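Report on the structure given below.
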Amino acid sequence: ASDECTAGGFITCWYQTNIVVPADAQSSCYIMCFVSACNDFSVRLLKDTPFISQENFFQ
Amino acid sequence: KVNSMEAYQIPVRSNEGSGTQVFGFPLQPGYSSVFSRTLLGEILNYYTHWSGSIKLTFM
Amino acid sequence: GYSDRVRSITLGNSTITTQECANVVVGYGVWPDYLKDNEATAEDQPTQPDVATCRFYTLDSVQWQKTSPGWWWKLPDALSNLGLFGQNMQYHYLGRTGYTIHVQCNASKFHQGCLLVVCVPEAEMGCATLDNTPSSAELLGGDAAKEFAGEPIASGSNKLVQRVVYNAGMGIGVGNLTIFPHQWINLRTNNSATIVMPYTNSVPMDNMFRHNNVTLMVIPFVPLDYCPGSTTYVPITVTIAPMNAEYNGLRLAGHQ
Amino acid sequence: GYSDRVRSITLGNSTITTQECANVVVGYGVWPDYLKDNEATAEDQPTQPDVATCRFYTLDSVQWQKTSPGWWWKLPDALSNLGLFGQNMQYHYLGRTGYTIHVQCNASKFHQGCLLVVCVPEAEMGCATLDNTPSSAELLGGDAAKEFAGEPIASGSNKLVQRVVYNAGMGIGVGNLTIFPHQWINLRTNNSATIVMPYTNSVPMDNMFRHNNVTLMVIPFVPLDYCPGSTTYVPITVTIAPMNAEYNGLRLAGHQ
Amino acid sequence: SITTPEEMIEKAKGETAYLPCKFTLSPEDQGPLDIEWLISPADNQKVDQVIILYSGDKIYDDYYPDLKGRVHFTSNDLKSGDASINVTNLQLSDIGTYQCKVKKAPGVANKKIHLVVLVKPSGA
Amino acid sequence: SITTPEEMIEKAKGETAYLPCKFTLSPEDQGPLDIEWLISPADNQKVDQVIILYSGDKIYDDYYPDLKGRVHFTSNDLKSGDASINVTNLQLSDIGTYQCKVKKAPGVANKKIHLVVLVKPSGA
Amino acid sequence: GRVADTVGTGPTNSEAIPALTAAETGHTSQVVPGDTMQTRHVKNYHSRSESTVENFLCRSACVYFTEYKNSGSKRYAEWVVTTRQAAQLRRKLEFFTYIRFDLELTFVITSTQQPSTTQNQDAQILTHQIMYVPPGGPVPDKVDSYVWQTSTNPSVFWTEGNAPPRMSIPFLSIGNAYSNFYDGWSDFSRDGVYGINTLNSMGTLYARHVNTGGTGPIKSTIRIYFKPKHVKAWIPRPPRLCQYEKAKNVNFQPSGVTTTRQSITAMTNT
Amino acid sequence: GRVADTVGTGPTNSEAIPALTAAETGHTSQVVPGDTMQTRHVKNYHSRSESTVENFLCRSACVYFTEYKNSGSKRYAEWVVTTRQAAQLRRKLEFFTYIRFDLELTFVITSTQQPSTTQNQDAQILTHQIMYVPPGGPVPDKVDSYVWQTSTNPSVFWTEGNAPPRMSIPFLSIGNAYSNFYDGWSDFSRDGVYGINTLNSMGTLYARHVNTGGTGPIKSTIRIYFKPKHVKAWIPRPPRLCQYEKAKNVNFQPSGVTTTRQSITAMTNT
Amino acid sequence: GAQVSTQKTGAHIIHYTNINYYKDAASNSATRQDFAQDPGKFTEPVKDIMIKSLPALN
Amino acid sequence: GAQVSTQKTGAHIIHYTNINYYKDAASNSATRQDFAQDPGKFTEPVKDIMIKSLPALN
């Protein structure tokens, strides 16, 4: 959960130089990002997720 | 953009300068809306505590 | 010398070559094989046709447009009208197979775009009408590709698939589809994707018309773009080879 | 496999990668190291901060225009306001360091141009006014690059640097600058230059504000050219990491 | 359950509507079979009125004076999984929502059909 | 809880008072956010009267005819931890004790501000 | 069970490029912090025991509840056994395509007196019967039926005030695993309801009052708790994004892939 | 565990001065009676076992209680778990700056019928649910909420008349010890509430009636008992002199260092 | 026929006893101490091994 | 796997038996027989040892 005593920090990305293309190539482009855990990663204390919910039993 | 494929795309382009910002977000792997619905995030939301290192791959 | 970008794959009387490839993904680490004595339940002697059916079949091509949402193919069914693989499907109660899937799309060093190629076990899809379930014609393309949509399918009293791409027809987040076996075709790196898929099921064999147990999906995450004067028609082409195919329960032909 | 065009360099909490490099120039064959007992003169115990100061700092970028004469940076001074390297410069009488210098400039296979990247020990420059010597503000850019000129600086009664590029501000022939440690960034071959520079001086340690003992210079010998429709903004970017830094003579902060 | 529980059907006056109600049983469903068809008319404010019943091995007509003799089962064998019905000589005053209820304990299923009848024979 | 729950603020007639209510959430607090401001006037014997509410993603003004159009939230983003308000065109008849109530189950916090308005602009 | 240590590394200048790869290949990079920065050595003692599949799944959850009375119309309860009517356990199970488990069933049965005009109410203590009918077995159609004789159907009898009744069930499928997803039909013509098989058929539960107690009206409620045990699971999947709609299919309403923030550099949520 | 014996000593005349020292040094003198008087030898058998930190802390104490009804407005109870609302246990724990322990939780739940005009009351027996929600978990906002489904939250169900329910909790901190005192802030600008961290965050407890019983109104009370077990503790402190004022801070009203007597030679208290 | 096994403890061993009472395996208590892992079938499912310090494509 | 230990008794030995039933250490009973002591970190925390029969300052 969100908590200031255990704040994690910041991730940012900056142009180091430019994007340079020849004529007849698109000057706009896209990057994609992926996340995963390292081999030192772990979790504790099982709980219920806030993402699933229900008002009546389904049918 | 959360109702399309554009949510996964990071725009970059040829600029008329350098050093401007591309993105930024906080390291809150379970609570940030950037991270909360990834595989890592969806598992985290069943737990109270997390520890360890994380990898971000860009393509 | 040598290069790890070139690859050749030969099966039966067919062979495929590629000069800009990435690697080959093998399933869940498991290479396909015939069913063993200590896991069999059907007692009759199986037929193993072995080059007549284990070979590459090339499907109908598909156009990548700048607004394409994506495509899918249910696997037994995609090949069901096609050669002796189709005939053996038609004459037998039971079947068992793996696959080698190969997806091809070339373009110049001046085009850009990125496709996810995934093989999804048990891709049960949703209906646009919440009480209904989708009809067969909506789910099964049958050697022709089925298309995703860009916006939600309107609810009526119909039997249409809820087709919108960012839920993958399955009520999930599409970016999480990488838990399944997959590759990316990224036009500046790569013109081919190859996945070797073993048989997967909760039972040792199954009927091939009643149940489609894996689904190939091809979805552009980064849209196709280029500049004027470049070629505008960029097709995608799928080729699929069954591996280690077997059949049990011979009887008259049909599915009813 | 392997390729001698790729390189990674890690220092402290920073790392730099490059995919089109040439080699790495090492000084005069000498890798940097701490000062030894039998060459020391200052008797107090030195501080060695070792990751807080030995790491990559990226300076402000600079635009390569078709008429650019070139740029220079005096090295201790360029980093003097920057992090704990700057703080340790401010609190100590004496300092000693080497450097890893890395200059970056990418462009397409359709651009052309060629830069000399040189590291000049003791680059004492000349004044436009023959009786005078240049002021500090003219010589020290201070984390901003200083520019060369295309034509001779006019004489007055001023304190300007005689800036004209073909004498390198030093009354010499600029084509002979290759006696110093250097590389070329040639846009059709290479997008990076790397020089590892050891400590050089006539004394074992020195004051870091009073004396700038090496100067980086970047000078286009073959001008930037391209054709219309190509990207017009091409920056150059310098990143510098001190190596084996030490400091002696702790006292109150300042330089006066 | 019943195959397509939500649908809509358009026909013309004088023609005869087929209302499909095809069901499949689970192995748990071992009680006796009950089949009910009821109606909620569009023009009228009467609601949830039985038009035809099937129970204990036999049919019961004669529940809606309006559909007298014009509502029948279409299968020679109903308990095999077919509870579809025919309405005949359609007119505007029957436009509405028909409901098919199949019971075999524990299982229970229903299906809603919205019948629209149009003046002219034309699907436009 | 709220940063400084007990304080007193002095301003002059015609000026506009800032009533700070800044809060911090605990990890346990996962219910929906509710923010209430109520009033107990010094001159008047009416007590504990809502002046402005925030609930279910939206604001509700128009609770105190006296402060009509003169009580607003100061933050462009309230749920980040800022529930402060502005009162404008202050006059003597509003001197009193304002109360800020923040709810997010399980957590509940309140803050009392005693607003004094003086005739002349002078902190003496 | 422990997590991996951190190897201490120093500065580097070489042709080795651990941080450059090609995500196109389908491979996930195995990089650790020492590849891209100087690190100290750390002796890590943290454990991964609380995220085994068994520990993740082995908690009791209420899958269903219903009511029945001691008089009137609804004298017994009837429920086809399934995991797909309660959101929380369904979602956890659907992390996996195929799964084997045993079950521990616990029942929480409670009663409440209902408003009435009857005078002189002196009710005796209530006993309850819960009968489990496997698929194919005959079912009761009234509270006083010969079926409640239970010659071969397991039944639990339980008196109010005692500990809640509990029993175990073995893995019960005709297949080699339960299937959480089925992309196909049961009929060979594929003209039927899609997604329906009988690999998960588990039967029916019936519950009644054995005695009526007293002269007043009384309503009881039975809550059913499933705890999986001895779990094996295969083929992980993306977790369910959209809210559940039906018990017997996967039908959904489309929704965005996450919630929004103000800009691509914004540090907070909206 | 035994205490030390007394060494017998005789008369003395020497330069040794055990009874003269310098308290300035911060040292506490190690003098025994034999240093300053003639003593016999004593074989002491007394033990110090009842003043180990564990035996000093390991008794059940009521930290909190509340009420909830079977009808009306307040249908469930809600409590953020803490030791700082009950004076007696807080004071004992604050002898130490840092401490590790496990907990044994016991609940004492009792009910009382409330005055009413309803006739013919024949209430059935009451069952209760207690749910523990770790921090971050969703919370119930009504007595009939899907949250009470408890797929992953531990819950205890308990029927009145039986033994009180009890469960254990392990040491639960993200830090290496709980901290009883924190001289600082949670925000890096130090403009917030002082003394607040999340090293002691333990979660929330919710309690409800499962059934309503009968037609009459009934109020129940739940008392929560903490017993620490397996204790380790560090950095002893002066015990709390002034009475406690708030649960979330150390704020006090000043008070004298002891009570008074009449004169500096008076032999009795006043 | 008692079995002794180790309890879950902290780091900086203590044992517990069990005896099965019933005739079916499905009556036993849960299997909570199976800590084996094998992520290489999901990460790295490639035919050609990929050495981390080399370029992925050559 | 029973453990036998000594009971608390008087001075002027008798034993008791225990068996752990649960899988976590936090389920065990209290640790009431740890009688170690070490007061020299609070008394006498001085760098130079102070011999009791000598003057403290010389």
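Please compute, for the alpha-carbon atoms of the protein assembly as shown, the extent along each of the three principal axes and give them in descending order in Å.
125, 109, 85
Using only the C-alpha atoms of region A:1-47, find the volume of their convex hull and express it per residue in Å³. Kindly include the intermediate steps, with their values, before the conclusion.
Values: hull volume 8.7 nm³, N = 47.
Dividing the Cα hull volume of region A:1-47 by its residues yields 184 Å³.
How much of the calculated P(r) for chain I lies past 14 Å, in percent of all Cα pairs?
When all Cα pairs of chain I are counted, 75 percent exceed 14 Å.
Rounded, prolate or oblate, given the Cα gyration tensor of region C:89-194, with a/c below 1.5 counting as rounded?
oblate
Which chain G residue comes nearest the axis with its C-beta when you rotate G onto H, and by how many angstrom?
Minimum Cβ distance to the axis, with residue: G:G161, 5.
What whole-number value in cubic angstrom gives the convex hull volume per residue for the C-alpha atoms of chain D? Numbers along the way, then the final one.
Details: hull volume 38.2 nm³, N = 256.
Per-residue hull volume (Cα only) is 149 Å³.
I need the Kirkwood Rh of region G:42-185: take the reciprocal of the average 1/r across all distinct C-alpha pairs and report it in angstrom.
19.2 Å
Compute the longest continuous run of chain D that contains no exposed trypsin sites (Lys or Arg not before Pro); treat a site as exposed when its DSSP state is not H, G, I, E or B and it has at most 12 other Cβ atoms within 10 Å.
D:110-187
Please identify the longest segment of chain H free of exposed trypsin sites (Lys or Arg not before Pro), where exposed means a DSSP state other than H, G, I, E or B and no more than 15 other Cβ atoms within 10 Å.
Within chain H, the longest run free of exposed trypsin sites (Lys or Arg not before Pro) spans H:76-141.
So, counting K/R as plus one and D/E as minus one, what does the shell of residues with Cβ under 12 Å around D:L84 add up to?
The answer is 0.
Shape call for region G:173-216 from the C-alpha gyration tensor, a ≥ b ≥ c root eigenvalues: rounded (a/c under 1.5), prolate (a/b greater than b/c) or oblate?
It comes out prolate by the Cα gyration axes.
Exceeding 32 Å between C-alpha atoms, which entries from my cross-link table qualify? They are A:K47/B:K55; H:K229/J:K41; E:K103/G:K69; F:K103/H:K232.
Details: A:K47/B:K55 25 Å; H:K229/J:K41 25 Å; E:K103/G:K69 22 Å; F:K103/H:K232 37 Å.
The pairs that break the limit, which is 32 Å between Cα atoms, are F:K103/H:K232.
Need the full-extension length gain, H:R40 to H:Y98, defined as separation in residues times 0.36 nm minus the C-alpha distance. One decimal, nm. Spell out each step's value before the answer.
Numbers: separation 58, 0.36 × 58 = 20.88 nm, distance 4.25 nm.
The H:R40-H:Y98 span can extend by a further 16.6 nm.
What does the convex hull of the alpha-carbon atoms of chain F project to on average, in nm²?
Result: a mean projected hull area of 7.7 nm².
How crowded by other chains is H:158-169, given as the mean number of beta carbons from other chains within 10 Å of each beta carbon?
2
Please find, among residues of chain F, the one with the beta carbon closest to the rotation axis relating it to chain E, distance in whole Å.
Nearest Cβ to the rotation axis, residue and whole-Å distance: F:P106, 35.
In percent, what relative contact order does chain E have, based on Cα pairs under 8 Å that are 6 or more apart in sequence?
40 percent
Report, in whole Å, the centroid distance computed from the Cα atoms of region F:68-97 and region F:10-31.
9 Å
Percent of Cα-Cα pairs per 5 Å bin, from 0 to the last occupied bin, for chain G, please list those.
Taking every Cα pair in chain G, the percentages come to 1, 4, 8, 10, 11, 11, 11, 10, 8, 6, 5, 4, 3, 2, 2, 1, 1, 0, 0.
Taking the label point 7 Å from Cα in the Cβ direction, how far apart in nm is G:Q253 from each other copy of itself, listed shortest first?
Its label point is 5.7 nm from the equivalent points in the other copies.
Normalising by the residue count of chain H, find the relative contact order in percent from Cα pairs under 8 Å and 6+ residues apart.
Computed over chain H, the figure is 29 percent.
From the C-alpha coordinates alone, can you work out the Kirkwood hydrodynamic radius of region D:29-174, in Å?
18.2 Å
Run the reach check for C:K109 against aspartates and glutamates, Cα to Cα strictly under 15 Å, same-chain hits fewer than 8 apart removed. What comes back?
By straight Cα distance, C:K109 reaches A:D24, C:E20, C:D225.
In 10 Å bins starting at 0, how do the alpha-carbon pair distances of region C:197-241 split up by percent?
Reading the bins upward from 0: 15, 35, 23, 17, 9, 2.
If you add up the charges near D:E138, with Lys and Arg at +1 and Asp and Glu at -1, over every other residue whose beta carbon is less than 9 angstrom from its beta carbon, what do you get?
After counting each charged neighbour, the total is +3.
So how far, in whole Å, is the C-alpha centre of region D:169-230 from the one of region D:2-45?
17 Å
Taking a ≥ b ≥ c as the square roots of the Cα gyration tensor eigenvalues, with a/c under 1.5 meaning rounded and otherwise prolate when a/b beats b/c, else oblate, which class fits region D:107-256?
Since a/c reaches 1.5 but b/c is at least a/b, the shape of region D:107-256 is classed as oblate.
Could you list, bin by bin from short to long, the percent of Cα-Cα pairs of region H:1-59 in 5 Å steps?
4, 14, 15, 15, 15, 16, 11, 6, 3, 1, 0
Longest exposed-loop-site-free stretch of chain D, with GluC sites (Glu not before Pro), DSSP loop and at most 15 other Cβ within 10 Å?
On the way: sites that count: D:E20, D:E43, D:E122, D:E124.
Between the exposed loop sites, the longest stretch runs D:125-256.
At most 16 other Cβ atoms within 10 Å and a DSSP loop assignment: could you name the chymotrypsin sites (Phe, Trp or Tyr not before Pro) in region C:174-239 that fit?
C:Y233
For region G:141-270, max minus min Cα coordinate along each principal axis, in Å, sorted largest first?
68, 46, 33
Provide an ascending nm list, one decimal, of label-point separations from H:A266 to the equivalent residue in each further copy; define each label point as 7 Å from Cα along Cα→Cβ.
Values, ascending and in nm: 7.0.
Under 9 Å from the Cβ of H:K69, count the other residues' Cβ atoms, weight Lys and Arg +1, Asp and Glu -1, and hand me the total.
Net local charge, H:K69 excluded: +2.
List the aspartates and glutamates whose Cα sits under 14 Å from the Cα of H:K142, skipping any in the same chain fewer than 8 residues away.
In chain and number order, the partners are A:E55, H:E78.
Report, for H:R223, each distance to the same residue's label point in the other copies, shortest first and in nm; define the point 7 Å along Cα→Cβ.
Its label point is 2.5 nm from the equivalent points in the other copies.
Determine the dipole magnitude for chain F: charges of +1 sit on the beta-carbon of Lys and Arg, -1 on that of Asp and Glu, nothing else is charged, the reference point is the Cα centre, and the result goes in debye to the nearest 20.
Dipole magnitude for chain F comes out near 180 debye.
Within the set C:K66/G:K246; G:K43/I:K47; H:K43/H:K92; G:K43/H:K248; E:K13/E:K46, which residue pairs have Cα atoms separated by over 27 Å?
C:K66/G:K246; G:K43/I:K47; H:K43/H:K92; G:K43/H:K248
Cα to Cα, under 19 Å, and not fewer than 8 places away if on the same chain: which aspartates and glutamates meet these conditions relative to E:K68?
List returned: E:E15, E:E36, E:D43, E:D48, E:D94.
Hey, got a sec? Which GluC sites (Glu not before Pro) in region F:1-60 land in a DSSP loop and have at most 14 other Cβ atoms within 10 Å? Before the final figure, lay out the partial values.
Working: sites: F:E6, F:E7, F:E10, F:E15, F:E28, F:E36; in loops: F:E15, F:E28.
Here the GluC sites (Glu not before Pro) that fit, given the DSSP loop and packing criteria, are F:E15.
No lab work stands behind these numbers, since they all come straight from the coordinates. Here Cβ is always computed from backbone atoms with ideal geometry, including for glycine, and neighbour counts include all displayed protein chains.
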